[PDB]
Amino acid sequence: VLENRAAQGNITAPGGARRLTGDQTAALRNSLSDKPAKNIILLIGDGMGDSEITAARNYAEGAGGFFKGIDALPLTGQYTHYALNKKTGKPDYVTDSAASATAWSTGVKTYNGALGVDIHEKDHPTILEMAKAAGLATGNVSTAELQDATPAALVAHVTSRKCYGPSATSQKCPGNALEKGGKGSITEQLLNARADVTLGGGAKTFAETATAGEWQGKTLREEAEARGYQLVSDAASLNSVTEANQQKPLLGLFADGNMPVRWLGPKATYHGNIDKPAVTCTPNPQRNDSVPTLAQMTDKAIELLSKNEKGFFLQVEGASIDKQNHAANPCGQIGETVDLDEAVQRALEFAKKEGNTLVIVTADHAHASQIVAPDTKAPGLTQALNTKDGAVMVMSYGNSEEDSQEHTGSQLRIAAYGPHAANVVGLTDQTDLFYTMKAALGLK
């Protein structure tokens, strides 16, 4: 169990590239605890497989460097995230964001596109719901629309991830439609779930009006306010919040859709590593200072949530690693991984200080990006990048002839720190995570 895993010295010399400063046995033995966790912070890098982590480290910290957040969790393993074919019930080797999120928040596999329901379309309780029932404080933060699959899986039970608001739900999820006697759209179910802290983008869906029930005729935003929610829309106002609980829950909407990415860089192109010059990422001119970063939202949530004496459960998502991966944009993809690392550092610092906090960092599924040789002649989209090492790294996206690059089914890294973290070691399934968090919290 080391806090520093960077290369020891001169990487060209014997022992210079080593990351271990000594024997781990004693340290690792000391980090194994089966005492219950008071809190749980689950950080999800959407589409962040081992390849994505490696590319981001190579670029930002150098090959021999190390993410002070992402790479600092002592207990590691690899987990499977295959989904299920709805019709046959047989495995579907490459999952989407909805079925995977449903797996760790519910403990049951499902079909791609499903949120909080099994292949029979039957609802199952999420870890957030259970935590809330036990009296723990709950938080849900993401850089994507709050209706997007990852954050939505914790608070909604819908047959199609496309059922954002009333208008789409009536069409695509008629059985879940409020008018038709259902629990409602994703946004309505989010409002009903009432987590203590909810922060992200997706403000545009709150402009729709409820078609039935108590708050019928009033936009979803008006209903939020009528229900006692504190709504903040920028960094300044989030900062001014001093409490969030069942009486005054916090809801932050920092963008119409997804929050802007941190870095700017060109899109990878065919033969881009050979016909285009190497690129150096730069800050995104379109992201405003008033827009809080993932680390800021994470820190604020930990502060408000930690006021609960029974404990808290918090899920944090670095959403756009996946989205920029689909877009074949190395700079956007890497910047979103660096952003997540900052949020992980905030989580770990708190966990180390508090001492009864289980911190887990993983991804919902693997993705397209691959690190290939500089002179590679590939059929897909490529791009050469100038790294922190002063060397060129080429990234490749070669699994789709369409505009969007696709997910991949490879098992990927899961890492943890704190009480019950041993349950992440070795090979496990994404559904085991649900059970690991449920038992750690004694949420049974």
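Numbering starts at 1 and runs along the sequence shown.
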Comparing 286-294 with 188-196, the one whose average Cα B-factor in the PDB entry is higher: 286-294
Comparing 128-136 with 78-86, the one whose average Cα B-factor in the PDB entry is higher: 128-136
Identity of residue with top Cα B-factor, from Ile414, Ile44, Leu28, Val394: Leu28
Selection from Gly107, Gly113, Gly181, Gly265 [criterion: highest C-alpha temperature factor in the record]: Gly181
Chain third (lowest, middle, highest) by recorded CA B-factor, residue given as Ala55: lowest
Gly355, C-alpha B-factor rank within chain (lowest, middle or highest third): highest
Chain-relative CA temperature factor third for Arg221: highest
Lowest, middle or highest third - CA B-factor, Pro374: middle
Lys300 - which third its CA temperature factor falls in, relative to the rest of the chain: middle
